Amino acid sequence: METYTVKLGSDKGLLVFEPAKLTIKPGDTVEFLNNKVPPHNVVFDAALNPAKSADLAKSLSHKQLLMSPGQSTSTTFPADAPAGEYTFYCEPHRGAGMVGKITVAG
């Protein structure tokens, strides 16, 4: 089981997730770390995950904006997380491009 870190706001101050795509296994953890240019959150899309399950997406999301410097949240993917793409975005910055994608694979 592995932990992968995704910066919220790149080191260069861009409104992106750094990195914006990652491939992981079920059971792995993605740590989302408040980095630059607040405020950010992490909302998984309800339809764009392999089960098209709003409940799966809710379970992986952190809807609350991260309001402290270097605040961390993490999503440990279920053991039974289905293979495929999981689209997520930052709500405030969605229209600025702050969108990401996790692929779950074996």
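Start at 1 with the first residue shown and count on from there.
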For the stretches 57-65 and 33-41, which has the higher mean C-alpha B-factor as given in the deposited record?
33-41
Third assignment of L14 from its chain's C-alpha B-factors
highest
Could you look up the Cα B-factor of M1 in the entry and say which third of the chain it sits in: lowest, middle or highest?
highest
Using the temperature factors of the C-alpha atoms in this entry, rank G95 within its chain: lowest, middle or highest third.
middle
